[PDB]
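Data block for run.cif (mmCIF, N, CA and C atoms):
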data_start
loop_
_atom_site.label_atom_id
_atom_site.label_comp_id
_atom_site.auth_asym_id
_atom_site.auth_seq_id
_atom_site.Cartn_x
_atom_site.Cartn_y
_atom_site.Cartn_z
N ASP H 745 -3.63 80.34 69.37
CA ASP H 745 -4.61 80.62 70.42
C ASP H 745 -4.39 82.01 71.04
N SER H 746 -4.44 83.02 70.17
CA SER H 746 -4.29 84.40 70.59
C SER H 746 -5.26 85.28 69.81
N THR H 747 -5.65 86.40 70.41
CA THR H 747 -6.61 87.32 69.83
C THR H 747 -5.97 88.59 69.29
N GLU H 748 -5.21 89.30 70.12
CA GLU H 748 -4.57 90.53 69.65
C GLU H 748 -3.50 90.25 68.61
N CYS H 749 -2.82 89.10 68.72
CA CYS H 749 -1.83 88.72 67.72
C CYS H 749 -2.47 88.60 66.34
N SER H 750 -3.63 87.96 66.26
CA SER H 750 -4.31 87.82 64.98
C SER H 750 -4.79 89.18 64.46
N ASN H 751 -5.23 90.05 65.37
CA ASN H 751 -5.67 91.38 64.95
C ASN H 751 -4.51 92.19 64.37
N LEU H 752 -3.32 92.04 64.94
CA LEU H 752 -2.16 92.73 64.39
C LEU H 752 -1.62 92.05 63.14
N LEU H 753 -1.84 90.74 63.00
CA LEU H 753 -1.36 90.02 61.82
C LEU H 753 -2.24 90.26 60.60
N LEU H 754 -3.55 90.44 60.80
CA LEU H 754 -4.45 90.67 59.68
C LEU H 754 -4.18 91.98 58.95
N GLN H 755 -3.32 92.85 59.49
CA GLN H 755 -3.00 94.12 58.86
C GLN H 755 -1.79 94.04 57.94
N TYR H 756 -1.16 92.86 57.81
CA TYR H 756 0.01 92.74 56.95
C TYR H 756 -0.37 92.53 55.49
N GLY H 757 -1.46 91.81 55.23
CA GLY H 757 -1.90 91.61 53.87
C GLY H 757 -2.29 90.19 53.54
N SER H 758 -1.87 89.71 52.37
CA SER H 758 -2.22 88.38 51.89
C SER H 758 -1.04 87.41 51.96
N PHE H 759 -0.19 87.56 52.98
CA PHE H 759 0.89 86.60 53.17
C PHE H 759 0.35 85.23 53.55
N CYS H 760 -0.65 85.20 54.43
CA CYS H 760 -1.27 83.94 54.84
C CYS H 760 -1.81 83.18 53.64
N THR H 761 -2.62 83.86 52.82
CA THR H 761 -3.23 83.20 51.66
C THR H 761 -2.17 82.78 50.65
N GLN H 762 -1.12 83.58 50.48
CA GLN H 762 -0.07 83.24 49.53
C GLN H 762 0.67 81.98 49.97
N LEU H 763 1.03 81.91 51.26
CA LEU H 763 1.72 80.72 51.76
C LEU H 763 0.81 79.49 51.69
N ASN H 764 -0.47 79.66 52.00
CA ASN H 764 -1.40 78.54 51.91
C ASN H 764 -1.53 78.04 50.47
N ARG H 765 -1.59 78.97 49.51
CA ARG H 765 -1.69 78.57 48.11
C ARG H 765 -0.42 77.88 47.64
N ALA H 766 0.74 78.36 48.09
CA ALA H 766 1.99 77.70 47.73
C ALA H 766 2.04 76.28 48.27
N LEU H 767 1.68 76.10 49.54
CA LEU H 767 1.70 74.76 50.13
C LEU H 767 0.68 73.85 49.46
N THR H 768 -0.49 74.39 49.10
CA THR H 768 -1.50 73.58 48.41
C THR H 768 -1.01 73.16 47.03
N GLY H 769 -0.36 74.08 46.31
CA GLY H 769 0.20 73.72 45.02
C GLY H 769 1.27 72.66 45.13
N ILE H 770 2.11 72.75 46.16
CA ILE H 770 3.12 71.71 46.40
C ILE H 770 2.45 70.37 46.66
N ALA H 771 1.43 70.36 47.53
CA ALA H 771 0.75 69.12 47.86
C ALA H 771 0.06 68.51 46.64
N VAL H 772 -0.46 69.36 45.74
CA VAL H 772 -1.11 68.84 44.54
C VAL H 772 -0.08 68.30 43.56
N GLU H 773 1.03 69.02 43.37
CA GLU H 773 2.03 68.56 42.41
C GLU H 773 2.74 67.30 42.89
N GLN H 774 2.79 67.06 44.20
CA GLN H 774 3.34 65.80 44.68
C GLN H 774 2.52 64.62 44.17
N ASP H 775 1.20 64.66 44.35
CA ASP H 775 0.34 63.61 43.83
C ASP H 775 0.37 63.56 42.31
N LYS H 776 0.50 64.72 41.66
CA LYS H 776 0.61 64.74 40.20
C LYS H 776 1.83 63.97 39.73
N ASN H 777 2.98 64.20 40.38
CA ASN H 777 4.19 63.47 40.03
C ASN H 777 4.05 61.99 40.34
N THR H 778 3.44 61.66 41.48
CA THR H 778 3.25 60.25 41.84
C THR H 778 2.39 59.54 40.80
N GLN H 779 1.37 60.22 40.27
CA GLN H 779 0.54 59.60 39.24
C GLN H 779 1.27 59.52 37.90
N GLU H 780 2.07 60.54 37.57
CA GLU H 780 2.76 60.54 36.29
C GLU H 780 3.88 59.51 36.24
N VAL H 781 4.45 59.16 37.39
CA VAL H 781 5.55 58.20 37.40
C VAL H 781 5.03 56.77 37.31
N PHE H 782 4.05 56.42 38.15
CA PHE H 782 3.57 55.05 38.22
C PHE H 782 2.38 54.80 37.31
N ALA H 783 1.33 55.61 37.43
CA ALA H 783 0.11 55.39 36.66
C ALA H 783 0.29 55.78 35.20
N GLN H 784 0.80 54.85 34.39
CA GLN H 784 0.99 55.08 32.97
C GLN H 784 0.08 54.24 32.08
N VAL H 785 -0.42 53.12 32.58
CA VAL H 785 -1.33 52.26 31.84
C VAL H 785 -2.64 52.15 32.62
N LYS H 786 -3.76 52.32 31.92
CA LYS H 786 -5.08 52.22 32.54
C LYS H 786 -5.64 50.81 32.42
N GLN H 787 -4.85 49.82 32.82
CA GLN H 787 -5.28 48.43 32.78
C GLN H 787 -4.35 47.62 33.67
N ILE H 788 -4.90 47.05 34.74
CA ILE H 788 -4.11 46.30 35.71
C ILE H 788 -3.95 44.87 35.19
N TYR H 789 -2.73 44.52 34.78
CA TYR H 789 -2.44 43.19 34.27
C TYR H 789 -2.08 42.25 35.41
N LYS H 790 -2.36 40.97 35.21
CA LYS H 790 -2.10 39.94 36.21
C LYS H 790 -1.31 38.82 35.57
N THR H 791 -0.27 38.36 36.26
CA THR H 791 0.55 37.28 35.74
C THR H 791 -0.20 35.95 35.81
N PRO H 792 -0.01 35.07 34.83
CA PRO H 792 -0.69 33.77 34.87
C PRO H 792 -0.14 32.90 35.99
N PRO H 793 -0.90 31.90 36.43
CA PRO H 793 -0.40 31.05 37.53
C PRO H 793 0.81 30.22 37.14
N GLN N 992 6.56 105.49 60.76
CA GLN N 992 5.49 104.89 59.98
C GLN N 992 5.89 104.75 58.51
N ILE N 993 6.59 105.75 57.97
CA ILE N 993 7.06 105.66 56.59
C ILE N 993 8.05 104.51 56.45
N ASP N 994 8.92 104.32 57.44
CA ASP N 994 9.88 103.22 57.39
C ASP N 994 9.18 101.87 57.48
N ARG N 995 8.14 101.77 58.31
CA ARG N 995 7.38 100.53 58.38
C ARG N 995 6.71 100.22 57.05
N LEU N 996 6.10 101.23 56.42
CA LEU N 996 5.47 101.02 55.12
C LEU N 996 6.49 100.61 54.07
N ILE N 997 7.66 101.26 54.07
CA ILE N 997 8.70 100.93 53.10
C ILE N 997 9.18 99.50 53.30
N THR N 998 9.38 99.09 54.56
CA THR N 998 9.82 97.73 54.83
C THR N 998 8.78 96.71 54.38
N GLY N 999 7.51 96.97 54.67
CA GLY N 999 6.47 96.04 54.25
C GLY N 999 6.38 95.92 52.74
N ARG N 1000 6.40 97.05 52.04
CA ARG N 1000 6.29 97.02 50.59
C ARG N 1000 7.52 96.38 49.95
N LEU N 1001 8.71 96.61 50.54
CA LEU N 1001 9.91 95.98 50.02
C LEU N 1001 9.88 94.47 50.23
N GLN N 1002 9.39 94.02 51.39
CA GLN N 1002 9.26 92.58 51.62
C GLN N 1002 8.27 91.96 50.64
N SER N 1003 7.15 92.65 50.38
CA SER N 1003 6.19 92.15 49.41
C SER N 1003 6.80 92.07 48.02
N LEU N 1004 7.56 93.09 47.63
CA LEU N 1004 8.19 93.09 46.31
C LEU N 1004 9.23 91.98 46.19
N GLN N 1005 9.99 91.74 47.26
CA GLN N 1005 10.98 90.66 47.22
C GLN N 1005 10.31 89.30 47.15
N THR N 1006 9.20 89.11 47.87
CA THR N 1006 8.46 87.86 47.76
C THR N 1006 7.93 87.67 46.35
N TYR N 1007 7.40 88.74 45.74
CA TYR N 1007 6.93 88.65 44.37
C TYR N 1007 8.06 88.29 43.41
N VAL N 1008 9.24 88.88 43.61
CA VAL N 1008 10.37 88.59 42.73
C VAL N 1008 10.82 87.14 42.89
N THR N 1009 10.83 86.63 44.12
CA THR N 1009 11.21 85.23 44.33
C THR N 1009 10.21 84.28 43.68
N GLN N 1010 8.91 84.56 43.84
CA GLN N 1010 7.90 83.73 43.19
C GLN N 1010 8.03 83.79 41.67
N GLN N 1011 8.32 84.97 41.13
CA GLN N 1011 8.50 85.11 39.69
C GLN N 1011 9.73 84.34 39.22
N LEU N 1012 10.80 84.33 40.01
CA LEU N 1012 11.99 83.57 39.65
C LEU N 1012 11.70 82.07 39.64
N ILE N 1013 10.95 81.58 40.63
CA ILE N 1013 10.62 80.16 40.67
C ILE N 1013 9.74 79.79 39.48
N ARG N 1014 8.72 80.60 39.20
CA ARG N 1014 7.86 80.34 38.05
C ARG N 1014 8.64 80.43 36.75
N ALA N 1015 9.63 81.33 36.67
CA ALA N 1015 10.44 81.43 35.46
C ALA N 1015 11.32 80.21 35.28
N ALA N 1016 11.84 79.66 36.38
CA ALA N 1016 12.60 78.41 36.29
C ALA N 1016 11.71 77.27 35.80
N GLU N 1017 10.49 77.18 36.33
CA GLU N 1017 9.57 76.14 35.88
C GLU N 1017 9.23 76.30 34.40
N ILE N 1018 8.94 77.53 33.98
CA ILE N 1018 8.60 77.78 32.58
C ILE N 1018 9.80 77.53 31.68
N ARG N 1019 11.02 77.80 32.15
CA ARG N 1019 12.20 77.52 31.35
C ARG N 1019 12.41 76.02 31.19
N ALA N 1020 12.18 75.25 32.25
CA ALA N 1020 12.24 73.79 32.12
C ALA N 1020 11.20 73.29 31.13
N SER N 1021 9.97 73.79 31.23
CA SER N 1021 8.92 73.38 30.30
C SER N 1021 9.27 73.77 28.86
N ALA N 1022 9.90 74.94 28.68
CA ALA N 1022 10.25 75.39 27.34
C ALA N 1022 11.40 74.58 26.77
N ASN N 1023 12.35 74.17 27.61
CA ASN N 1023 13.40 73.27 27.14
C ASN N 1023 12.82 71.93 26.73
N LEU N 1024 11.86 71.41 27.50
CA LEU N 1024 11.20 70.17 27.11
C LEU N 1024 10.45 70.34 25.79
N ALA N 1025 9.76 71.47 25.62
CA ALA N 1025 9.03 71.72 24.38
C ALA N 1025 9.98 71.86 23.19
N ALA N 1026 11.15 72.47 23.40
CA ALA N 1026 12.12 72.59 22.32
C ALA N 1026 12.71 71.23 21.96
N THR N 1027 12.98 70.39 22.96
CA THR N 1027 13.43 69.03 22.67
C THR N 1027 12.38 68.26 21.88
N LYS N 1028 11.11 68.40 22.25
CA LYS N 1028 10.05 67.75 21.49
C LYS N 1028 9.97 68.29 20.07
N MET N 1029 10.09 69.61 19.91
CA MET N 1029 10.07 70.20 18.57
C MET N 1029 11.21 69.69 17.72
N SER N 1030 12.38 69.48 18.33
CA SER N 1030 13.53 69.00 17.57
C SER N 1030 13.44 67.51 17.25
N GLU N 1031 12.81 66.72 18.11
CA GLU N 1031 12.77 65.28 17.91
C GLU N 1031 11.53 64.82 17.13
N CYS N 1032 10.34 65.11 17.66
CA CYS N 1032 9.12 64.59 17.06
C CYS N 1032 8.81 65.25 15.72
N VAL N 1033 9.07 66.55 15.61
CA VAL N 1033 8.70 67.28 14.40
C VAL N 1033 9.78 67.14 13.33
N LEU N 1034 11.02 67.48 13.67
CA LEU N 1034 12.12 67.43 12.72
C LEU N 1034 12.68 66.02 12.53
N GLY N 1035 11.99 65.00 13.01
CA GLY N 1035 12.46 63.65 12.83
C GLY N 1035 11.42 62.64 13.28
N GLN N 1036 11.87 61.40 13.43
CA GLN N 1036 11.03 60.30 13.90
C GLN N 1036 11.69 59.72 15.15
N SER N 1037 11.18 60.11 16.32
CA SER N 1037 11.77 59.70 17.58
C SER N 1037 11.29 58.30 17.95
N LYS N 1038 12.23 57.38 18.16
CA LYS N 1038 11.92 56.03 18.59
C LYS N 1038 11.75 55.91 20.09
N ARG N 1039 11.70 57.03 20.81
CA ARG N 1039 11.52 56.99 22.25
C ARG N 1039 10.08 56.65 22.59
N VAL N 1040 9.90 55.67 23.48
CA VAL N 1040 8.56 55.20 23.82
C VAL N 1040 7.86 56.23 24.69
N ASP N 1041 6.59 56.51 24.36
CA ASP N 1041 5.72 57.41 25.11
C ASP N 1041 6.27 58.83 25.19
#
Let me see the structure of the file written as structure tokens.
Amino acid sequence: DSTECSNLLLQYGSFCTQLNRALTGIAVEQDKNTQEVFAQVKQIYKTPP
Amino acid sequence: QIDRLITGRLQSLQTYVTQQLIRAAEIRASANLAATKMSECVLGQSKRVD
């Protein structure tokens, strides 16, 4: 919640976008690993009674 | 001003080098996996499931 701070920060470059892309890649690869570990069969089997 | 520019460019270069090192570690892991697959599936019959 600052104005001059953002004006001085926008002169540094693409650090903001780089960090955002890194965090987004981390968040995507987390779900990728979660799917690769558990979701291995595309058919939900049910045990008989 | 020259010192500020040098510091900024050096920080950018160090960030690039760190990102390249991380990507190189990932690619090395993938290449080791690919070499293991080349040695097992191609040069033999791997009984490992999936």
The PyMOL selection byres ((chain N and name CA) within 10 of (chain H and name CA)) - which residues does that actually catch in the file I just gave you? List them as a list in words. residues 999, 1000, 1003, 1006, 1010 and 1041 of chain N
For the structure I just gave you, how does DSSP split chain H - specifically, which residues are helix (DSSP H, G or I)? Reply as a VMD selection string. chain H and resid 748 to 753 759 to 782
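Note that the spacing between atom N of residue 1008 (chain N) and atom C of residue 775 (chain H) amounts to 26.9 Å.
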Correct to one decimal, the distance atom N of residue 1011 (chain N)-CA of residue 764 (chain H) is 15.9 Å
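Here CA of residue 1027 (chain N) and CA of residue 787 (chain H) stand 29.6 Å from one another.
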Listed atoms of region 1035-1040 of chain N boxed along x, y and z, 4 Å each side, centre and edge lengths in Å, one decimal, as AutoDock Vina command-line options:
--center_x 10.2 --center_y 60.1 --center_z 18.8 --size_x 12.6 --size_y 17.8 --size_z 19.9
